[PDB]
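Working notes, beginning with the structure itself.
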Amino acid sequence: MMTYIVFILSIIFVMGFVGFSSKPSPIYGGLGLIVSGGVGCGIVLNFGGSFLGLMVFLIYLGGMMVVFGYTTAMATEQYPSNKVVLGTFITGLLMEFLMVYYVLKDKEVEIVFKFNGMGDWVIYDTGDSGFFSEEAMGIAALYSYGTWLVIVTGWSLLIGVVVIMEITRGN
Amino acid sequence: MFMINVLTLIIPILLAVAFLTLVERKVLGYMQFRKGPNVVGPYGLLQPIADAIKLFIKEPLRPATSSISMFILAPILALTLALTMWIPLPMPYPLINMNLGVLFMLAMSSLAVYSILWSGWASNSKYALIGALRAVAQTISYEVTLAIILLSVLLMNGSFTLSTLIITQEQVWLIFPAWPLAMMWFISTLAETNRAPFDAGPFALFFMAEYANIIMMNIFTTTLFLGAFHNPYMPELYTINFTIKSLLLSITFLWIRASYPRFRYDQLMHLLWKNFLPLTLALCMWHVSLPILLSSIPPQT
Amino acid sequence: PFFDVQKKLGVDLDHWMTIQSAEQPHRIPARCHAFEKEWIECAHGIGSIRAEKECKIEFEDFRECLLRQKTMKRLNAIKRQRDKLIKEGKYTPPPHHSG
Amino acid sequence: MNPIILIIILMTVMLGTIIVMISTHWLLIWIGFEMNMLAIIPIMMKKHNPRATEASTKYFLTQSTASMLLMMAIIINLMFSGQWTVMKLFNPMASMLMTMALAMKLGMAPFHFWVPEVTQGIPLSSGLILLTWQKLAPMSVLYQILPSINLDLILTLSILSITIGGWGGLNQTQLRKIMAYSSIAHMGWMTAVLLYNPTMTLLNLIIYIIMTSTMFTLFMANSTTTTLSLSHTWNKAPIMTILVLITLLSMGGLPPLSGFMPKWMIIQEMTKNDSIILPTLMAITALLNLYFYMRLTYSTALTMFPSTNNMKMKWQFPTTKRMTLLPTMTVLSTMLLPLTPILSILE
Amino acid sequence: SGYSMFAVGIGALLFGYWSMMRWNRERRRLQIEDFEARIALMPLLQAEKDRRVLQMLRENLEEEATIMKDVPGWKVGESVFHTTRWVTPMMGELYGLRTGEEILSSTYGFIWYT
Amino acid sequence: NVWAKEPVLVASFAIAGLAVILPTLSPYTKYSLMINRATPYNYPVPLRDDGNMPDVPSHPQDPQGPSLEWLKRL
Amino acid sequence: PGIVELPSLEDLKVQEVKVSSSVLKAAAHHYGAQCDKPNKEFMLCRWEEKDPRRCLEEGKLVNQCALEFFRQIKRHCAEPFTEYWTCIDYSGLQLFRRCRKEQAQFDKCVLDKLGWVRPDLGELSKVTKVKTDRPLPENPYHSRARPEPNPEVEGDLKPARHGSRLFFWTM
Amino acid sequence: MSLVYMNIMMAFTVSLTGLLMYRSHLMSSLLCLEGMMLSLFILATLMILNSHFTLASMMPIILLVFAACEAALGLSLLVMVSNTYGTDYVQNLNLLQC
Amino acid sequence: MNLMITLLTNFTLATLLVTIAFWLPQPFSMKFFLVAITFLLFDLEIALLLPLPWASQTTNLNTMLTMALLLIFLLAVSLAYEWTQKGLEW
């Protein structure tokens, strides 16, 4: 309910990554990655971020986690939580809270960097008169400039199809 | 006043779902020779509201102390998708003027597939789970076809903005420059609503999610291919004719629900891939190669 | 090896994605356009070591355009001094909307 | 496994290596490594044993995390001075992550735990193509980004690669694990020179690829996995014996034979700096990694192990394979001592 | 009736294409009128933009000259950069010490309006 | 023949073949390129006064410059 | 480094055009017709020299030209220009195709009492010359000179001195 | 220094450790690799958005399509491993020894 | 964040509804597997295709025509490849 909304969504993003990086059951991992992908889409849309951030949400949370949970469920289940997972989640939460505290009550945080501690509404553009939605025209390339690029991308996709059928018993 | 706008969106949809249940049951009763039933309530309305409170108050025979988190997240996701996804649908002036909304519709359809998978996993390792896995497959194999067909019918809009869609649909409709593509899209909507010919609790809430998804796809149909001319300083005319076309297409959706047998799953996947998917490719490359033929590329503003 | 069939055939497959200050699809600039134009025109025909020892000033200028490190440092020091003197109790400030 | 499909997959391996070589943009470097992975997985599992399945699994996990670490280093590079050119980097952390990604990509001693395992459970054609192309293609990228590397990275990984690929290797009777440990030793020998004169690195790459092609061709002529099978190939045919002799002694790096041109020219353009303790340490470890070559030779063609019969039956049927190119590669790999001023073929 | 149904389907299809072509060309005429609007309108807005950002810069430098008189170093208008060019400000040089409402309306206003 | 075996596939190949061939032979592709080129997104900048060009008209009403007319002229 | 120079508010006060966006969008083509002959001096100044705090005088001149244009449209024909912009106001995003009757009324008005032929589509295009008074600048990027050229190796080449000059293999 | 970059790089290191240390499963390891992919996607996309570097906005979409087909290959390999066994543990891969 | 307001209001309404509804009672097939991966690959190529209508206006329309037809033609090549090589059957 304040200005630091990109920071708050980044904090819940790191919350979700820890929440499935503590190695749970893989369907709970898929749930945690769904939460992380939703709030990361929120981050990239708050930088705006109109086209591409919701574009990938159709793929990343529209075409990937379905197959992930699919092959999760039909391969194995192992119906039983464990103390090591809860301990790793507590250590991840403690690392999160310690980084937040040393961003709040200090100036800079060094891993080997100098992060200026304030929610970045700045830097940001000074409202330039587009009238063409810059990133949409960006992705509206690949077709008048992307000669070699879409050729090798579609080529690798065709090879992906033939690789999948060969490994799953070509022909 | 914006939360009041939210409430005036989400209060009529529950009444819309329950009265859709009475309308589908009585129009089955006046297609197939069962002239009724209408005794409970005058012309049958107190029977749907009592059916809603009956599914509310029903004794549980309670099996449901298994996996609390997944069992509380599957119906909540299905109902929040089905209840939030009339926001970019441009009933005359939409609730949020999203710059791109049809891709947002497709993303929420895939999240409904996630909720189906979560209920299938919460169905506790069963032949019902294998049937739910087949339902996931026959729901996921049509978001290819629906997205590619949607892409080619918005290629005559030029942009995703959907107010450019209501601009394009004033002179003629979008059924005439794409009638086979709209036919295949309508069959894809029959597949995505998971109903005939294409086939634990709270059953009332997954029921709610199904019917709100159907009325979403019908309003999205009526915006996408049909409609009337919008008039500023008179939105009520567009509301009237939009509601009439959506109601007629929902009754025709019932009229195809009644009179066809179900398909075997081999025939369903064979049908999808080996009949729709090359024909979608061919109609889509022809709708790509037509604006360079007719000097009519649509103005992305 | 760094083969240059890229240059031999005369095909500009990889010289447009590459750097800023190229020809964007609509002829629009970047955020730090002129900084890279001056830096590249400084270090064009130079052997990448005296390019370090001679084109360093414009490179640091472009880096402080890109990340804006020292300018955010200055803004942060301004806000911290603002906080300590408003806690001390001097001039509840009317520079916003007034003087 | 139709021949059209095999021609397509080998053409995609060629295309991945060409896209690695030819581009001046980081995205095509990542796409080249990635397409090389995606194509080199079904050269493995040409059989259907679970050995090849688990080997492709191990290779996929290590190769893919190396690719993701590479992409992390490139995104840090664009966080700093922003352009997608293949040149000097602008962060020691980014060059650190990138050299560790390429070190996992082609094998160093903290990273080599996938190499003998993935070479054990695959046939010899897949091992040949993965050794030659997967150790050819990232050497181009290191050759392009050499002016911006912290030296302790390359040199610690190279010293450790030579000594671990030496020490691990005196305890394997399998052929493929011997060849994999030899590959690790030669990756170390190429990497240690890279900040001093990279012509030596590319020439050592050419020599090691020709040597490995001769080695795997002399194992493709007669299906052997253990040294006992090598002694039975002493018994069936005599020319395979003397060529295993000469190619093993040229893997060892002895002066009249053409495996000494890589080591000694590296010694030259290493010691025209003031590094002397590092050449003598590397070359004593080059004395060390010759012993398993020498016991291999004692098994094959110098002593004679007693052979089972049915060689009496195998004598009627001559070795009627086709070799890829055995005699040309043999005489070019072993008789190429006095053409050391073909060093300057390369600039 | 199969040939006749095929013929009437292709006829209605071609009629739809012709009408859509005509309406798209008139639509392109109207979009070129919109471009005329933004072209002829622009320099007045450019002048107002320049005056407003120079006004906030002079105000904020006077504010800094008041607020930092108790520190060593610190000249009042220190250019971070070395070259003497008008670099575009970063909205932190512009919208600083403003406390909340106006900076949320100006920075993130377009992102979560419409 | 093949019309009775798999008709929808043959219809798809036919409409696909016309989608490949047909954009060459058309009286409208050069019109498409002209319509698409002549819409100004950014500002058409003024430039320095004279190299004595018999072009670059000083008034936007002056007809000495390259303009479009075939929008209105069908 | 060298501190910045900014003009004070002794100069940065022109009486603004205090009309809103609707009427300013509606009055566009005639603003391009009568005025906007001397704005291209301002715009050429801005595009040649990338420095505001330099072309502000011409900004004052285009601002007074716009204010004189609106004073002239207030004095002469007509009063239903108010009707025209309040007709284009409530039409959402301002299409020029909704309220066209009053555009014809306004054009007949302005042809009756002022002239001012409407610019044809697309005659607010067509890159334009303008004469100036200030000179065209050298080095507008205020940067240093170029450091050093590289001494080019040219001329013919002799056969090498004794071949390789390696350990042996002389010639 | 755009503070959100700090927590996103922190999330990258979190997903990297989740990839590297992993117990008795491969689907969770591949899913953490997918999370690391998402981290690289978000980080590169915030960079390209704030820098207005418009022509090379192909990096996020091409990064994600290529690493998505990587994930597809990994799922096919996991299905092959679980086909030649009963389960898909990190255990029972103990053959083909070093 | 206004759609976040809508989403939060509908999530709270649905959550209160579900909590009232719950706190007031008063083997495997490989043929199943290939469909998901085939979905994954064709949906990735959909993600390549679908920024075509934003691209529909540019200076070089023939290059866009060529590469767009190459994209859909490769999609049809892969589909017809697995069609002829008897993969997706039952």
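Here the Cβ is made from the backbone with ideal geometry for all residues, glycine too, and neighbour counts use every protein chain on show. Every number in this text was worked out from the coordinates using simple rules, so none of it is lab data.
What the pair-distance distribution of chain A shows, using all Cα-Cα distances binned every 10 Å from zero, is 8, 22, 29, 25, 14, 2, 0 percent. Taking a straight line from the alpha carbon of C:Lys7, not one of the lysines sits under 16 Å away once near neighbours fewer than eight places off in the same chain are left out. Under the combined filter of DSSP loop state and at most 12 neighbouring Cβ atoms within 10 Å, segment B:98-196 retains these trypsin sites (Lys or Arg not before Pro): B:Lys126. The Rg/Rh ratio of segment F:9-71, with Rg taken over Cα atoms and Rh as the Kirkwood radius over Cα pairs, comes to 1.27.
Qualifying chymotrypsin sites (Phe, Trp or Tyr not before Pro) in segment G:8-111, where qualification requires a DSSP coil assignment and no more than 16 other C-beta atoms within 10 Å, comprise G:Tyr90. Projecting the Cα positions of A:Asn82, A:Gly127, A:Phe113 onto the charge dipole of segment A:2-168 (unit charges on Cβ atoms of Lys, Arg, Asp and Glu, taken about the Cα centre) puts A:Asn82 furthest along the positive direction.
Compute the long axis of helix D:198-220 from its Cα atoms, compare it with the longest principal axis of the Cα atoms of chain D, and write down the angle in degrees, 0 to 90, nearest 10. Between the helix axis and the principal axis of chain D, the angle is about 30 degrees. Return the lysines within reach of F:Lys30: Cα separation strictly under 23 angstrom, same-chain partners fewer than 8 residues apart disregarded; answer none if there are no such residues. Leaving aside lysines fewer than 8 places away in the same chain, those within reach of F:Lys30 are F:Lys72, G:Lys126. Roughly how far apart, in whole Å, are the Cα centres of segment B:112-126 and segment B:154-198? The two parts, judged by their Cα centres, are 30 Å apart.
All Cα-Cα distances of chain D, cut into 10 Å bins from zero to the largest, leave 5, 24, 33, 25, 9, 2, 0, 0 percent in each bin in turn.
Over all residues in F:17-26, what is the mean tally of Cβ atoms on other chains that come within 10 Å of each residue's Cβ?
Working: counts 1, 5, 14, 6, 1, 5, 11, 4, 1, 5.
Whole-number average of other-chain Cβ neighbours for F:17-26 is 5.
Cross-link reach is defined here as a Cα-Cα straight distance under 25 Å, omitting same-chain residues fewer than 8 places apart; for C:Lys73 the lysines meeting it are A:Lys105, A:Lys107, A:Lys114, C:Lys56, C:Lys84, C:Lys87, C:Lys90, E:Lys69, E:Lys75. Relative contact order, whole percent, for chain D stands at 15, derived from Cα pairs under 8 Å and 6 or more residues apart.
In terms of overall dimensions, the C-alpha atoms belonging to segment G:1-137 reach 60, 32, 29 Å along their principal axes, ordered largest to smallest.
Counting every Cα pair in chain E, what percent are over 22 Å apart? More than 22 Å apart: 65 percent of the Cα pairs in chain E.
Note on E:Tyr3, D:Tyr181, H:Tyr22, A:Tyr124: ascending count of other Cβ atoms within 10 Å places them as E:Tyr3, H:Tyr22, A:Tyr124, D:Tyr181, the fewest first.
The Rg/Rh ratio of the protein assembly as shown, with both radii computed over alpha carbons and Rh defined as the Kirkwood radius, is 0.98.
Calculate log10 I(q)/I(0) of chain B for q = 0.08, 0.10 Å⁻¹, where I(q) comes from the Debye formula with a single equal point scatterer on each Cα and nothing for solvent. Result of the Debye calculation: -0.39, -0.62.
If the convex hull of the alpha-carbon atoms of segment H:16-89 is projected onto planes in all directions, what is the mean projected area in square nanometres?
Working: hull surface 20.6 nm².
For segment H:16-89, the mean projected area of the Cα convex hull comes to 5.1 nm².
When the inverse distances between all different Cα atoms of segment D:107-194 are averaged and flipped, the Kirkwood radius reads 13.4 angstrom.
Can I get the semi-axes of segment B:9-58's equivalent ellipsoid? Compute them from the C-alpha gyration tensor as square roots of 5 times the eigenvalues, in angstrom, largest first. Please report the intermediate quantities before stating the final value.
On the way: eigenvalues 85, 38, 16 Å².
Over the Cα atoms of segment B:9-58, the ellipsoid semi-axes are 21, 14, 9 Å.
Please report the relative contact order for chain C, taking Cα pairs under 8 Å with a sequence separation of at least 6, and give it as a percent rounded to a whole number. Please report the intermediate quantities before stating the final value.
Values: 33 pairs, mean separation 15.8, N = 99.
Here the relative contact order equals 16 percent.
Values of log10 I(q)/I(0) for segment I:1-85 across q = 0.19, 0.22 Å⁻¹ run -0.89, -1.03, by the Debye formula with one identical scatterer at each alpha carbon and no solvent. Taking the C-alpha atoms only, the angle from helix D:239-252 to the longest principal axis of chain D is near 30 degrees.
Inside 10 Å of the C-beta atoms of D:67-78, what's the mean count of C-beta atoms belonging to other chains? Could you put the intermediate results ahead of the total?
Details: counts 3, 11, 2, 0, 10, 9, 0, 4, 10, 2, 0, 9.
Across the residues of D:67-78, the mean count of other-chain Cβ atoms within 10 Å is 5.
With a sphere of radius 12 Å drawn around the Cβ of I:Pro25, what net charge do the other residues whose Cβ falls strictly inside it have (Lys, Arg +1; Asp, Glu -1)? Could the numbers behind the result be given before it?
Values: positive: B:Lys58, B:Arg62; negative: B:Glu59.
After counting each charged neighbour, the total is +1.
What are the semi-axes of the equivalent ellipsoid for segment B:94-217, taken as the square roots of 5 times the Cα gyration tensor eigenvalues, largest first, in whole Å? Display every interim value, and only then the final one.
Values: eigenvalues 196, 50, 29 Å².
Over the Cα atoms of segment B:94-217, the semi-axes work out to 31, 16, 12 Å.
Count neighbours as other Cβ atoms within 10 Å of each site's Cβ, and list the trypsin sites (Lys or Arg not before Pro) in segment G:1-80 that are DSSP loop with at most 12 such neighbours. Qualifying residues, ordered by number: G:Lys13, G:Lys18. Listed values for segment F:12-26 are Karplus-derived 3J(HN,Hα) couplings in whole Hz (6.51 cos²θ - 1.76 cosθ + 1.60, θ = phi - 60°), namely 5, 5, 5, 5, 6, x, 6, 6, 7, 6, 4, x, 6, 7, 6, and x replaces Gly and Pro.
Other protein chain C-beta atoms within 10 Å of residue C-beta, averaged over H:13-20: 6. Got the relative contact order for segment H:1-86 handy, in percent, Cα pairs under 8 Å and 6 or more residues apart? Contact order relative to length: 27 percent.
Can you give the alpha-carbon Rg of segment B:241-301 over 2.2 N^0.38 Å, where N counts its residues? Before the final figure, lay out the partial values.
On the way: Rg = 18.1 Å, N = 61, 2.2 N^0.38 = 10.5 Å.
After normalising by residue count via 2.2 N^0.38 Å, the value is 1.73.
To the nearest Å, what is the center-to-center distance of segment H:1-80 and segment E:85-109, using C-alpha atoms only? Cα centroid to Cα centroid, the span is 32 Å. Quick one: angle between helix D:50-79 and the longest Cα principal axis of chain D, in degrees between 0 and 90, rounded to 10, please. The two axes meet at around 20 degrees.
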